[PDB]
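Peer 1: If it helps, the file is called target-v3.csv and holds CSV, N, CA and C atoms:
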chain,number,residue,atom,x,y,z
A,1,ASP,N,-7.6,-38.9,41.3
A,1,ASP,CA,-8.0,-37.9,40.3
A,1,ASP,C,-9.5,-37.8,40.2
A,2,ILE,N,-10.1,-38.7,39.4
A,2,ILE,CA,-11.6,-38.8,39.3
A,2,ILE,C,-12.2,-39.1,40.7
A,3,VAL,N,-11.5,-40.1,41.4
A,3,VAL,CA,-11.9,-40.5,42.7
A,3,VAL,C,-11.8,-39.3,43.6
A,4,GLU,N,-10.8,-38.5,43.4
A,4,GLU,CA,-10.6,-37.3,44.2
A,4,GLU,C,-11.8,-36.4,44.1
A,5,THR,N,-12.5,-36.4,43.0
A,5,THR,CA,-13.7,-35.6,42.8
A,5,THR,C,-14.7,-36.0,43.8
A,6,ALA,N,-15.1,-37.3,43.8
A,6,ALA,CA,-16.0,-37.8,44.8
A,6,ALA,C,-15.8,-37.2,46.1
A,7,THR,N,-14.6,-37.1,46.6
A,7,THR,CA,-14.2,-36.6,47.9
A,7,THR,C,-14.7,-35.1,48.0
A,8,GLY,N,-14.5,-34.3,46.9
A,8,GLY,CA,-15.0,-33.0,46.9
A,8,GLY,C,-16.2,-32.7,46.0
A,9,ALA,N,-16.0,-32.8,44.7
A,9,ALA,CA,-17.1,-32.6,43.7
A,9,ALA,C,-17.5,-31.1,43.6
A,10,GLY,N,-16.6,-30.4,43.0
A,10,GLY,CA,-16.9,-28.9,42.8
A,10,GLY,C,-17.3,-28.6,41.4
A,11,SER,N,-16.9,-29.5,40.5
A,11,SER,CA,-17.3,-29.3,39.1
A,11,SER,C,-17.9,-30.6,38.5
A,12,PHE,N,-17.8,-31.7,39.2
A,12,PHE,CA,-18.4,-33.0,38.8
A,12,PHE,C,-19.2,-33.7,39.9
A,13,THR,N,-20.1,-32.9,40.5
A,13,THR,CA,-20.9,-33.5,41.6
A,13,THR,C,-22.0,-34.4,41.0
A,14,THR,N,-22.3,-34.2,39.8
A,14,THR,CA,-23.4,-34.9,39.1
A,14,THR,C,-23.0,-36.3,38.6
A,15,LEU,N,-21.7,-36.4,38.2
A,15,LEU,CA,-21.3,-37.7,37.6
A,15,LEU,C,-19.9,-38.2,38.1
A,16,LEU,N,-18.9,-37.4,38.2
A,16,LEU,CA,-17.6,-37.8,38.6
A,16,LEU,C,-17.5,-38.0,40.1
A,17,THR,N,-18.2,-37.2,40.9
A,17,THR,CA,-18.2,-37.3,42.3
A,17,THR,C,-18.6,-38.8,42.7
A,18,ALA,N,-19.5,-39.3,41.9
A,18,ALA,CA,-20.0,-40.6,42.1
A,18,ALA,C,-19.0,-41.7,41.7
A,19,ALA,N,-18.0,-41.3,40.9
A,19,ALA,CA,-17.0,-42.2,40.5
A,19,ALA,C,-16.4,-43.0,41.7
A,20,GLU,N,-15.8,-42.3,42.6
A,20,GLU,CA,-15.2,-42.9,43.8
A,20,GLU,C,-16.3,-43.3,44.7
A,21,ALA,N,-17.4,-42.5,44.7
A,21,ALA,CA,-18.5,-42.8,45.6
A,21,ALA,C,-19.4,-43.9,45.1
A,22,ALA,N,-19.0,-44.5,43.9
A,22,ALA,CA,-19.8,-45.6,43.3
A,22,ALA,C,-18.9,-46.9,43.5
A,23,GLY,N,-17.9,-46.8,44.3
A,23,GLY,CA,-17.0,-48.0,44.4
A,23,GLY,C,-16.1,-48.1,43.3
A,24,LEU,N,-15.7,-47.0,42.6
A,24,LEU,CA,-14.8,-47.0,41.5
A,24,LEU,C,-13.5,-46.4,41.9
A,25,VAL,N,-13.4,-45.9,43.2
A,25,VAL,CA,-12.2,-45.3,43.7
A,25,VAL,C,-11.0,-46.1,43.3
A,26,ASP,N,-10.9,-47.4,43.8
A,26,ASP,CA,-9.8,-48.2,43.4
A,26,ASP,C,-9.8,-48.6,42.0
A,27,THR,N,-10.9,-48.4,41.3
A,27,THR,CA,-11.0,-48.8,39.9
A,27,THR,C,-10.5,-47.7,38.9
A,28,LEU,N,-11.0,-46.5,39.1
A,28,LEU,CA,-10.6,-45.4,38.3
A,28,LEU,C,-9.2,-44.9,38.6
A,29,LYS,N,-8.9,-44.6,39.9
A,29,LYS,CA,-7.6,-44.2,40.4
A,29,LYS,C,-6.9,-45.4,40.9
A,30,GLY,N,-7.0,-46.5,40.3
A,30,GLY,CA,-6.4,-47.8,40.7
A,30,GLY,C,-4.9,-47.7,40.6
A,31,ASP,N,-4.3,-47.5,39.4
A,31,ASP,CA,-2.9,-47.4,39.2
A,31,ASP,C,-2.5,-47.2,37.8
A,32,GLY,N,-2.7,-46.0,37.3
A,32,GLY,CA,-2.3,-45.7,35.9
A,32,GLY,C,-3.1,-44.6,35.3
A,33,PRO,N,-2.6,-43.9,34.3
A,33,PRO,CA,-3.3,-42.9,33.6
A,33,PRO,C,-4.6,-43.3,33.0
A,34,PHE,N,-5.7,-42.8,33.5
A,34,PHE,CA,-7.1,-43.2,33.1
A,34,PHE,C,-7.8,-42.0,32.5
A,35,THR,N,-8.2,-42.2,31.2
A,35,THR,CA,-9.0,-41.2,30.5
A,35,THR,C,-10.5,-41.3,30.7
A,36,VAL,N,-11.1,-40.2,31.2
A,36,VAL,CA,-12.5,-40.2,31.4
A,36,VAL,C,-13.2,-39.0,30.8
A,37,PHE,N,-14.0,-39.1,29.8
A,37,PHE,CA,-14.7,-38.0,29.2
A,37,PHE,C,-15.8,-37.5,30.1
A,38,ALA,N,-15.5,-36.7,31.0
A,38,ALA,CA,-16.4,-36.1,32.0
A,38,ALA,C,-16.9,-34.8,31.6
A,39,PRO,N,-18.2,-34.7,31.2
A,39,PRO,CA,-18.8,-33.4,30.8
A,39,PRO,C,-18.8,-32.3,31.8
A,40,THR,N,-19.0,-31.1,31.4
A,40,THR,CA,-19.1,-30.0,32.4
A,40,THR,C,-20.4,-29.9,33.1
A,41,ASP,N,-20.4,-29.4,34.3
A,41,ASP,CA,-21.6,-29.3,35.1
A,41,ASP,C,-22.7,-28.6,34.3
A,42,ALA,N,-22.3,-27.8,33.3
A,42,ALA,CA,-23.3,-27.1,32.5
A,42,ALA,C,-23.9,-28.0,31.5
A,43,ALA,N,-23.1,-29.0,31.0
A,43,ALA,CA,-23.6,-30.0,30.1
A,43,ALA,C,-24.8,-30.8,30.7
A,44,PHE,N,-24.6,-31.2,31.9
A,44,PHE,CA,-25.7,-32.0,32.6
A,44,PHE,C,-27.0,-31.1,32.7
A,45,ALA,N,-26.8,-29.9,33.1
A,45,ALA,CA,-28.0,-29.0,33.2
A,45,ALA,C,-28.5,-28.6,31.8
A,46,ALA,N,-27.6,-28.7,30.8
A,46,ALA,CA,-28.0,-28.4,29.4
A,46,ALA,C,-29.0,-29.3,28.9
A,47,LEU,N,-28.8,-30.6,29.1
A,47,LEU,CA,-29.7,-31.7,28.6
A,47,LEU,C,-31.2,-31.3,29.0
A,48,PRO,N,-32.1,-31.2,28.0
A,48,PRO,CA,-33.5,-30.9,28.2
A,48,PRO,C,-34.3,-32.1,28.8
A,49,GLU,N,-35.6,-32.0,28.8
A,49,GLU,CA,-36.5,-33.0,29.3
A,49,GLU,C,-36.1,-33.4,30.7
A,50,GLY,N,-36.4,-34.6,31.1
A,50,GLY,CA,-36.1,-35.1,32.4
A,50,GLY,C,-34.8,-35.9,32.5
A,51,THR,N,-33.9,-35.6,31.5
A,51,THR,CA,-32.6,-36.3,31.5
A,51,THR,C,-31.7,-35.7,32.6
A,52,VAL,N,-31.9,-34.5,32.9
A,52,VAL,CA,-31.1,-33.9,34.0
A,52,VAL,C,-31.5,-34.4,35.3
A,53,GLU,N,-32.9,-34.7,35.4
A,53,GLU,CA,-33.4,-35.2,36.6
A,53,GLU,C,-33.0,-36.7,36.7
A,54,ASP,N,-32.9,-37.4,35.6
A,54,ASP,CA,-32.4,-38.7,35.5
A,54,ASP,C,-30.9,-38.8,35.8
A,55,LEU,N,-30.2,-37.8,35.3
A,55,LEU,CA,-28.8,-37.6,35.5
A,55,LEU,C,-28.5,-37.1,36.9
A,56,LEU,N,-29.5,-36.7,37.6
A,56,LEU,CA,-29.4,-36.2,39.0
A,56,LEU,C,-29.5,-37.3,40.0
A,57,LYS,N,-30.1,-38.4,39.6
A,57,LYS,CA,-30.3,-39.6,40.5
A,57,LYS,C,-29.0,-40.4,40.5
A,58,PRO,N,-28.7,-41.0,41.7
A,58,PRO,CA,-27.5,-41.9,41.8
A,58,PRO,C,-27.5,-43.1,40.9
A,59,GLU,N,-28.7,-43.4,40.4
A,59,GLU,CA,-28.9,-44.6,39.6
A,59,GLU,C,-28.2,-44.5,38.2
A,60,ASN,N,-28.1,-43.2,37.8
A,60,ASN,CA,-27.4,-43.0,36.5
A,60,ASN,C,-26.0,-43.5,36.5
A,61,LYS,N,-25.3,-43.3,37.6
A,61,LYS,CA,-23.9,-43.7,37.8
A,61,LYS,C,-23.8,-45.2,37.7
A,62,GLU,N,-24.8,-45.9,38.1
A,62,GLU,CA,-24.9,-47.3,38.1
A,62,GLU,C,-24.9,-47.8,36.7
A,63,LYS,N,-25.6,-47.1,35.8
A,63,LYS,CA,-25.6,-47.5,34.4
A,63,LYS,C,-24.3,-47.4,33.8
A,64,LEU,N,-23.6,-46.2,33.9
A,64,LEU,CA,-22.3,-46.0,33.4
A,64,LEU,C,-21.3,-47.0,33.9
A,65,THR,N,-21.6,-47.5,35.2
A,65,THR,CA,-20.7,-48.4,35.8
A,65,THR,C,-20.6,-49.7,35.0
A,66,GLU,N,-21.8,-50.3,34.6
A,66,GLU,CA,-21.9,-51.5,33.9
A,66,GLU,C,-21.1,-51.4,32.6
A,67,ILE,N,-21.1,-50.2,31.9
A,67,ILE,CA,-20.4,-49.9,30.7
A,67,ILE,C,-19.2,-49.0,31.0
A,68,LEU,N,-18.7,-49.0,32.2
A,68,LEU,CA,-17.6,-48.2,32.6
A,68,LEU,C,-16.4,-48.4,31.6
A,69,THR,N,-16.2,-49.7,31.2
A,69,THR,CA,-15.1,-50.0,30.3
A,69,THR,C,-15.1,-49.1,29.1
A,70,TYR,N,-16.3,-48.8,28.5
A,70,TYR,CA,-16.4,-48.0,27.3
A,70,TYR,C,-15.8,-46.6,27.7
A,71,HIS,N,-16.0,-46.2,29.0
A,71,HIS,CA,-15.6,-44.9,29.4
A,71,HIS,C,-14.1,-45.0,29.9
A,72,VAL,N,-13.7,-46.2,30.3
A,72,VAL,CA,-12.4,-46.4,30.8
A,72,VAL,C,-11.4,-46.9,29.8
A,73,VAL,N,-10.3,-46.3,29.7
A,73,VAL,CA,-9.2,-46.7,28.7
A,73,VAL,C,-7.8,-46.5,29.3
A,74,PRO,N,-7.1,-47.5,29.5
A,74,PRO,CA,-5.7,-47.5,30.0
A,74,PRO,C,-4.7,-47.0,29.0
A,75,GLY,N,-3.8,-46.1,29.4
A,75,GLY,CA,-2.8,-45.6,28.5
A,75,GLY,C,-3.4,-44.9,27.3
A,76,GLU,N,-3.9,-43.7,27.4
A,76,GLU,CA,-4.5,-43.0,26.3
A,76,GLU,C,-4.0,-41.6,26.3
A,77,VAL,N,-3.1,-41.3,25.4
A,77,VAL,CA,-2.5,-40.0,25.2
A,77,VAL,C,-3.3,-39.2,24.2
A,78,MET,N,-3.3,-37.9,24.4
A,78,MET,CA,-4.0,-37.0,23.5
A,78,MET,C,-3.4,-37.0,22.1
A,79,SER,N,-4.3,-37.0,21.1
A,79,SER,CA,-3.8,-37.0,19.7
A,79,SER,C,-2.7,-36.0,19.4
A,80,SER,N,-3.0,-34.8,19.9
A,80,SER,CA,-2.0,-33.7,19.8
A,80,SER,C,-0.6,-34.1,20.2
A,81,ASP,N,-0.6,-35.0,21.2
A,81,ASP,CA,0.7,-35.5,21.7
A,81,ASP,C,1.5,-36.2,20.6
A,82,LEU,N,0.8,-36.8,19.7
A,82,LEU,CA,1.5,-37.5,18.6
A,82,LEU,C,1.2,-36.8,17.3
A,83,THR,N,0.0,-37.2,16.7
A,83,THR,CA,-0.5,-36.6,15.5
A,83,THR,C,-1.9,-36.2,15.5
A,84,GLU,N,-2.3,-35.3,14.7
A,84,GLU,CA,-3.7,-34.8,14.7
A,84,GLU,C,-4.6,-35.7,13.7
A,85,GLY,N,-5.5,-36.4,14.3
A,85,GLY,CA,-6.4,-37.3,13.5
A,85,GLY,C,-6.2,-38.8,13.8
A,86,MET,N,-6.6,-39.2,15.0
A,86,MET,CA,-6.6,-40.6,15.4
A,86,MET,C,-7.9,-41.0,16.0
A,87,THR,N,-7.8,-42.2,16.7
A,87,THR,CA,-9.0,-42.8,17.3
A,87,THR,C,-8.8,-43.0,18.8
A,88,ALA,N,-9.9,-43.4,19.4
A,88,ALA,CA,-9.9,-43.6,20.9
A,88,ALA,C,-10.6,-44.9,21.2
A,89,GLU,N,-9.9,-46.0,21.4
A,89,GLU,CA,-10.4,-47.3,21.7
A,89,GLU,C,-10.7,-47.5,23.2
A,90,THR,N,-11.9,-48.0,23.5
A,90,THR,CA,-12.3,-48.2,24.9
A,90,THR,C,-12.1,-49.6,25.3
A,91,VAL,N,-11.8,-49.9,26.5
A,91,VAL,CA,-11.6,-51.2,27.0
A,91,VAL,C,-12.7,-52.1,26.6
A,92,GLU,N,-14.0,-51.7,26.9
A,92,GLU,CA,-15.2,-52.4,26.5
A,92,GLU,C,-15.1,-52.9,25.1
A,93,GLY,N,-14.5,-52.0,24.2
A,93,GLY,CA,-14.4,-52.4,22.8
A,93,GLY,C,-15.1,-51.3,21.9
A,94,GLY,N,-14.5,-50.1,21.9
A,94,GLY,CA,-15.1,-49.1,21.0
A,94,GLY,C,-14.1,-48.1,20.6
A,95,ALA,N,-13.9,-48.0,19.3
A,95,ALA,CA,-12.9,-47.1,18.7
A,95,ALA,C,-13.6,-45.8,18.2
A,96,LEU,N,-13.3,-44.7,18.9
A,96,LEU,CA,-13.9,-43.5,18.6
A,96,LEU,C,-13.0,-42.7,17.7
A,97,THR,N,-13.4,-41.5,17.2
A,97,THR,CA,-12.6,-40.7,16.3
A,97,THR,C,-12.2,-39.4,17.0
A,98,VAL,N,-10.9,-39.3,17.3
A,98,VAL,CA,-10.3,-38.1,18.0
A,98,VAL,C,-9.8,-37.1,17.0
A,99,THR,N,-10.5,-36.0,16.8
A,99,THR,CA,-10.2,-35.0,15.9
A,99,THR,C,-9.8,-33.7,16.6
A,100,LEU,N,-8.8,-33.0,16.1
A,100,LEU,CA,-8.4,-31.7,16.7
A,100,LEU,C,-8.4,-30.6,15.7
A,101,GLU,N,-7.5,-30.7,14.7
A,101,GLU,CA,-7.4,-29.7,13.6
A,101,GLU,C,-8.7,-29.6,12.8
A,102,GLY,N,-9.0,-28.5,12.3
A,102,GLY,CA,-10.2,-28.2,11.5
A,102,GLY,C,-11.5,-28.4,12.4
A,103,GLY,N,-11.3,-28.2,13.7
A,103,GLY,CA,-12.4,-28.4,14.6
A,103,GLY,C,-12.3,-29.6,15.5
A,104,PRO,N,-11.9,-29.3,16.8
A,104,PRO,CA,-11.7,-30.4,17.8
A,104,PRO,C,-13.0,-31.1,18.1
A,105,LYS,N,-13.0,-32.4,18.1
A,105,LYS,CA,-14.2,-33.2,18.5
A,105,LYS,C,-13.9,-34.6,18.7
A,106,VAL,N,-14.9,-35.4,19.2
A,106,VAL,CA,-14.7,-36.8,19.5
A,106,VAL,C,-15.9,-37.6,19.3
A,107,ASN,N,-15.9,-38.5,18.3
A,107,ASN,CA,-17.0,-39.3,17.9
A,107,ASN,C,-18.3,-38.5,17.7
A,108,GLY,N,-18.1,-37.2,17.3
A,108,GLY,CA,-19.2,-36.4,17.1
A,108,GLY,C,-19.5,-35.4,18.2
A,109,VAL,N,-18.8,-35.6,19.3
A,109,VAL,CA,-19.0,-34.7,20.5
A,109,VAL,C,-17.7,-33.8,20.7
A,110,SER,N,-17.9,-32.5,20.9
A,110,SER,CA,-16.8,-31.6,21.2
A,110,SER,C,-16.4,-31.6,22.6
A,111,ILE,N,-15.1,-31.8,22.9
A,111,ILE,CA,-14.6,-31.7,24.3
A,111,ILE,C,-14.6,-30.3,24.7
A,112,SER,N,-15.8,-29.7,25.0
A,112,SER,CA,-15.9,-28.3,25.4
A,112,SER,C,-14.7,-27.8,26.2
A,113,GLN,N,-14.3,-28.4,27.3
A,113,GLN,CA,-13.2,-28.0,28.1
A,113,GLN,C,-12.2,-29.2,28.2
A,114,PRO,N,-11.3,-29.3,27.2
A,114,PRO,CA,-10.3,-30.3,27.2
A,114,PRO,C,-9.2,-30.1,28.2
A,115,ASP,N,-9.2,-30.9,29.3
A,115,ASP,CA,-8.2,-30.8,30.3
A,115,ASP,C,-6.9,-31.5,29.9
A,116,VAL,N,-7.0,-32.7,29.3
A,116,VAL,CA,-5.9,-33.5,28.9
A,116,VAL,C,-5.2,-34.1,30.0
A,117,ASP,N,-4.6,-33.3,30.9
A,117,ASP,CA,-3.9,-33.9,32.0
A,117,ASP,C,-4.7,-34.0,33.3
A,118,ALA,N,-4.9,-35.2,33.8
A,118,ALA,CA,-5.7,-35.5,35.0
A,118,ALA,C,-4.8,-35.5,36.2
A,119,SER,N,-5.4,-35.7,37.4
A,119,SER,CA,-4.6,-35.8,38.6
A,119,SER,C,-3.9,-37.1,38.7
A,120,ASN,N,-4.3,-38.1,37.9
A,120,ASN,CA,-3.7,-39.4,37.9
A,120,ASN,C,-3.7,-40.0,36.5
A,121,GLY,N,-3.9,-39.2,35.5
A,121,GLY,CA,-4.0,-39.6,34.1
A,121,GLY,C,-4.4,-38.6,33.1
A,122,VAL,N,-5.5,-38.8,32.4
A,122,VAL,CA,-6.0,-37.9,31.5
A,122,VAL,C,-7.5,-37.6,31.6
A,123,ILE,N,-7.9,-36.4,31.4
A,123,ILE,CA,-9.3,-36.0,31.5
A,123,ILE,C,-9.7,-35.0,30.4
A,124,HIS,N,-10.9,-35.2,29.9
A,124,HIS,CA,-11.4,-34.3,28.8
A,124,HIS,C,-12.9,-34.1,29.1
A,125,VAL,N,-13.3,-32.8,29.0
A,125,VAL,CA,-14.7,-32.4,29.2
A,125,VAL,C,-15.5,-32.4,27.9
A,126,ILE,N,-16.6,-33.1,27.9
A,126,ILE,CA,-17.5,-33.1,26.8
A,126,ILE,C,-18.7,-32.1,27.1
A,127,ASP,N,-19.0,-31.3,26.1
A,127,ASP,CA,-20.1,-30.4,26.2
A,127,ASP,C,-21.5,-31.1,26.3
A,128,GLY,N,-21.5,-32.4,26.0
A,128,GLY,CA,-22.7,-33.1,26.0
A,128,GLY,C,-22.5,-34.4,26.8
A,129,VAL,N,-23.0,-35.5,26.2
A,129,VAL,CA,-22.9,-36.9,26.8
A,129,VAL,C,-22.2,-37.9,25.9
A,130,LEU,N,-21.4,-38.8,26.5
A,130,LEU,CA,-20.7,-39.8,25.8
A,130,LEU,C,-20.9,-41.2,26.4
A,131,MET,N,-20.4,-42.2,25.7
A,131,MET,CA,-20.5,-43.6,26.2
A,131,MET,C,-22.0,-44.0,26.3
A,132,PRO,N,-22.2,-45.3,26.3
A,132,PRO,CA,-23.6,-45.8,26.4
A,132,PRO,C,-24.2,-45.7,27.8
A,133,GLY,N,-25.5,-45.5,27.9
A,133,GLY,CA,-26.1,-45.4,29.2
A,133,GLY,C,-26.2,-43.9,29.7
Translate the structure described by the file into C-alpha cells.
Peer 2:
Amino acid sequence: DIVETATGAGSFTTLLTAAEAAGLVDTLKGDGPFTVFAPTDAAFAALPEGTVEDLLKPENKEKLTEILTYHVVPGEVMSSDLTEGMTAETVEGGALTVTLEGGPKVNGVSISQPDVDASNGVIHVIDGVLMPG
C-alpha cells in the first residue's frame, strides 16, 4: 500500500514514496492494516519558508523513520466505523483526538482527503503535517 507508493509515487512522491524506498517496505506493508496520515502533495508545497525544501530532501524521511512508531499504528479503524468522537493511539505512545461530527479533524489537523481504506490497511490525508519531525 504505502510501500506500493514508493514503487510509483504519483501523489506521495515527497513522503510516502520514501516509505518503501526508506527500507520501510517490509515495515509498513509488513503484514496488517497500517494507518498512516500521509498529507496531500499540495500540503507539502503549501508549507511556507524552506520547509518544502527541507521536506524535499530524502533526509526528512529519515527523521520520520526514527519516530515512525508515532506515525505507525496497528489495527486502527476509522471512528465513523464505530462511534463519532474517539482517539488515535500511536505505537510510539501518543493518543490523538479523532473527531468527525461538527467538523472532521485529528489532533487539530483536518484530514483534507480522508481515504480511510488503504491498499493494505488504512490511509488518511492531512492538509498539513502530523507526527514529530
Peer 1: Using DSSP assignments from the backbone, pull out every residue in range 6-116 of chain A that falls under strand (DSSP E) and give it to me as a PyMOL selection string.
Peer 2: chain A and resi 35-37+86-90+94-99+105-106
Peer 1: Using only C-alpha atoms, pick whichever of A:51, A:133, A:99, A:61 has the shortest atom-to-atom distance to residue 23 in chain A.
Peer 2: A:61
Peer 1: Rank nothing, just name the residue among A:79, A:27, A:113, A:120 nearest to residue 41 in chain A, using only C-alpha atoms.
Peer 2: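 Under the stated criterion, the closest residue is A:113.
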Peer 1: Can you list, as a PDB file with N, CA and C atoms, in the frame of the given file, every protein, DNA or RNA residue that comes within 7 Å of residue 71 in chain A when you count all atoms listed in the file, leaving out same-chain residues fewer than 3 positions away?
Peer 2:
ATOM      1  N   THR A  35      -8.200 -42.200  31.200  1.00  0.00           N
ATOM      2  CA  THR A  35      -9.000 -41.200  30.500  1.00  0.00           C
ATOM      3  C   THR A  35     -10.500 -41.300  30.700  1.00  0.00           C
ATOM      4  N   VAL A  36     -11.100 -40.200  31.200  1.00  0.00           N
ATOM      5  CA  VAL A  36     -12.500 -40.200  31.400  1.00  0.00           C
ATOM      6  C   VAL A  36     -13.200 -39.000  30.800  1.00  0.00           C
ATOM      7  N   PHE A  37     -14.000 -39.100  29.800  1.00  0.00           N
ATOM      8  CA  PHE A  37     -14.700 -38.000  29.200  1.00  0.00           C
ATOM      9  C   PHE A  37     -15.800 -37.500  30.100  1.00  0.00           C
ATOM     10  N   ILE A  67     -21.100 -50.200  31.900  1.00  0.00           N
ATOM     11  CA  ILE A  67     -20.400 -49.900  30.700  1.00  0.00           C
ATOM     12  C   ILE A  67     -19.200 -49.000  31.000  1.00  0.00           C
ATOM     13  N   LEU A  68     -18.700 -49.000  32.200  1.00  0.00           N
ATOM     14  CA  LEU A  68     -17.600 -48.200  32.600  1.00  0.00           C
ATOM     15  C   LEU A  68     -16.400 -48.400  31.600  1.00  0.00           C
ATOM     16  N   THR A  90     -11.900 -48.000  23.500  1.00  0.00           N
ATOM     17  CA  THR A  90     -12.300 -48.200  24.900  1.00  0.00           C
ATOM     18  C   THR A  90     -12.100 -49.600  25.300  1.00  0.00           C
ATOM     19  N   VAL A  91     -11.800 -49.900  26.500  1.00  0.00           N
ATOM     20  CA  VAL A  91     -11.600 -51.200  27.000  1.00  0.00           C
ATOM     21  C   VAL A  91     -12.700 -52.100  26.600  1.00  0.00           C
ATOM     22  N   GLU A  92     -14.000 -51.700  26.900  1.00  0.00           N
ATOM     23  CA  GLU A  92     -15.200 -52.400  26.500  1.00  0.00           C
ATOM     24  C   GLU A  92     -15.100 -52.900  25.100  1.00  0.00           C
ATOM     25  N   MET A 131     -20.400 -42.200  25.700  1.00  0.00           N
ATOM     26  CA  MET A 131     -20.500 -43.600  26.200  1.00  0.00           C
ATOM     27  C   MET A 131     -22.000 -44.000  26.300  1.00  0.00           C
ATOM     28  N   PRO A 132     -22.200 -45.300  26.300  1.00  0.00           N
ATOM     29  CA  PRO A 132     -23.600 -45.800  26.400  1.00  0.00           C
ATOM     30  C   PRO A 132     -24.200 -45.700  27.800  1.00  0.00           C
TER      31      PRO A 132
END
Peer 1: Please report the interatomic distance between CA of residue 32 in chain A and CA of residue 15 in chain A in Å with one decimal.
Peer 2: 20.7 Å
Peer 1: Set out as CSV a contact list for range 4-46 of chain A and range 102-111 of chain A with a cut-off of 10 Å, giving each residue of range 4-46 of chain A that qualifies its closest atom pair and distance in Å to one decimal, counting only C-alpha atoms, ordered by chain and rising residue number.
Peer 2:
residue,atom,partner,partner_atom,distance
A:37,CA,A:111,CA,8.0
A:38,CA,A:111,CA,9.0
A:39,CA,A:111,CA,7.9
A:40,CA,A:111,CA,9.4
Peer 1: From the options A:89, A:1, A:66, A:84, which residue's atoms come nearest to residue 118 in chain A, counting all atoms listed in the file?
Peer 2: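 Selected residue with least distance to residue 118 in chain A: A:1.
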Peer 1: Which residue out of A:45, A:72, A:52, A:95 has the minimum interatomic distance to residue 28 in chain A when only N, CA and C atoms are used?
Peer 2: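 Among A:45, A:72, A:52, A:95, it is A:72 that comes nearest to residue 28 in chain A.
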Peer 1: Would you work out the distance separating CA of residue 53 in chain A from atom C of residue 115 in chain A, expressed in Å to one decimal?
Peer 2: 27.6 Å
Peer 1: Could you go through range 22-65 of chain A and tell me which residues DSSP, when run on the backbone, assigns to alpha helix (DSSP H), listing them as a list in words?
Peer 2: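 Everything in range 22-65 of chain A that counts as alpha helix (DSSP H) is residues 25, 26, 27, 28, 41, 42, 43, 44, 45, 46, 51, 52, 53, 54, 55, 56, 59, 60, 61, 62, 63, 64 and 65 of chain A.
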Peer 1: Please write as a list in words the list of polymer residues whose atoms come within 6.5 Å of (-22.5, -32.5, 27.1), counting all atoms listed in the file and keeping to the coordinates of the file.
Peer 2: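 Every residue inside that radius is included here: residues 39, 40, 42, 43, 44, 126, 127, 128, 129 and 130 of chain A.
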Peer 1: Between CA of residue 73 in chain A and CA of residue 16 in chain A, measure the distance and give it in Å to one decimal.
Peer 2: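 CA of residue 73 in chain A sits 15.7 Å away from CA of residue 16 in chain A.
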